[PDB]
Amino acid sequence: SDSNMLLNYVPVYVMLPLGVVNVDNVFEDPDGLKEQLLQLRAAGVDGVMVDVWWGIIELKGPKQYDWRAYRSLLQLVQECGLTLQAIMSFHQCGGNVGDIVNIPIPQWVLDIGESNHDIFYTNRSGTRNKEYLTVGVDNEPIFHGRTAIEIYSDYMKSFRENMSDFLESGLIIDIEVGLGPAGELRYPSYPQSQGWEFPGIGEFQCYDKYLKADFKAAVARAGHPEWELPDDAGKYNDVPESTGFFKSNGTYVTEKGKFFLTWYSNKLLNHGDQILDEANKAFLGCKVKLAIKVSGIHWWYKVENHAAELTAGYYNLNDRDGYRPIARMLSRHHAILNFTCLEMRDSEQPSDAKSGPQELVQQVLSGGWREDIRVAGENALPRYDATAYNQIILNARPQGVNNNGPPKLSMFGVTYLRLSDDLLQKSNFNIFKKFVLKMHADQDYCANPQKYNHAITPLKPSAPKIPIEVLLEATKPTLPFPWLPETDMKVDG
């Protein structure tokens, strides 16, 4: 049925090109973007996603926001009949050798970092990563009197007020709150600029003086004041078995190791919870949803130590669910878990990476649905091919279309990385249009999301705080929902 098929519709969003608003807070090429956006509209795309870069907007100084170029961008998106996913991007864009779009965090913050190097995530060797402020300074009032969370709160409130017309009109479907490197709720455990290459295990990023002191206090309260941060976890490009920490029977399974990993992962849960508290306050009553981005760390998923997840801050083992606690935390904020790797197949990864993107996706999505939250996601890598789109479509509706009503399982949306000239080339775009159609359960584009039961209602207050022990009850392993082996709505026949 046309209506029952419409209840199966999963909306599709497309990420805008990086730097559409440049580092100087100039919307550089509105005419070129317009032509691209109109192609997306005709293709049936529901909306677009953009980074709203902190380093662009609050560059002049504290609380000196310039929203004008982004207003022009939003105005154009509105004219082209698309909705918008706005990322509160509190992180650096680019900065690696070769990168074209380079947007550091505000220089006034970096200036404070020159005086206080511990505002940055730091590895054991002491390298400071300037892409994001450590969770350690979330509540440290060291930024001309403000804490880091107060910076993020103030920025979101200013966005809400200055974009109030677009918000009231329904242009903005969700606010994705950036929570770390690349906007993701994680530690910067695999930096290219410090030499990491896939599939290195990465490194723990808790050596800044704030986190180190917090850990030392915690171990003292646990009756082990002498415990130190890991010293046997190796380096970025190691394999797990080469390390004391991650080898079989290694430090990760000792009382000390388990305590550290709980501590380290808990910092991210509380980071996200506290910053989402501010987002709910900032956007209270607006017809938007809140979202976060969870990183997809699929390498080493297939070995018992899950080492790359662990250094990223996801304490996920075969007998400990490190993602369902995140979902549970999101529930009190009514927030969407936006994931990734939706296009990937295990067979596409090198054997030596012990990579399990399919199973990781199944775990994370299942945990969200088990916790009765919305789950969305992205492709991890650029892909233009049918294999990729069919995998996305499978993940979007893992038990297929329900011919007789809404599907029991569906993702809330998918955001495609990324708009480019390549996407819009004739063949690539033709297959993309088939992807959109199948995401839409063979229905034409539906401008009114109420028709597919995605009405936008005013954002409510956060529900009461959930104690950490209750969050961690969600570490109890659960069986995933069953997945089909292939979608029933392939782009071809």
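Position 1 is the first residue in the sequence shown; the rest follow in order.
> Between 77 to 85 and 345 to 353, name whichever shows the higher mean Cα B factor according to the PDB entry.
Taking the mean B-factor of the alpha carbons in each, 345 to 353 is higher.
> When the C-alpha temperature factors are averaged for each of 420 to 428 and 58 to 66, which stretch ends up with the higher value in the entry?
According to the entry, 420 to 428 carries the higher average C-alpha B-factor.
> Between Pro191, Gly296, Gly180, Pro325, where does the Cα B-factor run highest in the record?
When the deposited C-alpha B-factors of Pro191, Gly296, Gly180, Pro325 are compared, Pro191 is largest.
> If you check the C-alpha B-factor for each of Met163, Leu360, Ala312, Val101 in the entry, which is highest?
Of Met163, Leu360, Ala312, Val101, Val101 has the highest C-alpha B-factor.
> Going by the CA temperature factor in the PDB record, which third of the chain does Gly244 belong to: lowest, middle or highest?
Middle third, going by the recorded CA B-factors of the chain.
> What third of the chain, by the recorded C-alpha B-factor, contains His144?
Within its chain, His144 is a middle-third residue by C-alpha B-factor, going by the deposited values.
> Ranked by Cα temperature factor within the chain, is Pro480 in the lowest third, the middle third or the highest third?
Middle third by C-alpha B-factor.
> Relative to the other modelled residues in the chain, which third contains the C-alpha temperature factor of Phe198: lowest, middle or highest?
Highest third.
> Comparing against every modelled residue in the chain, figure out the third that the C-alpha B-factor of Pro106 lands in (lowest, middle or highest).
According to the entry, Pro106 has a C-alpha B-factor in the chain's middle third.
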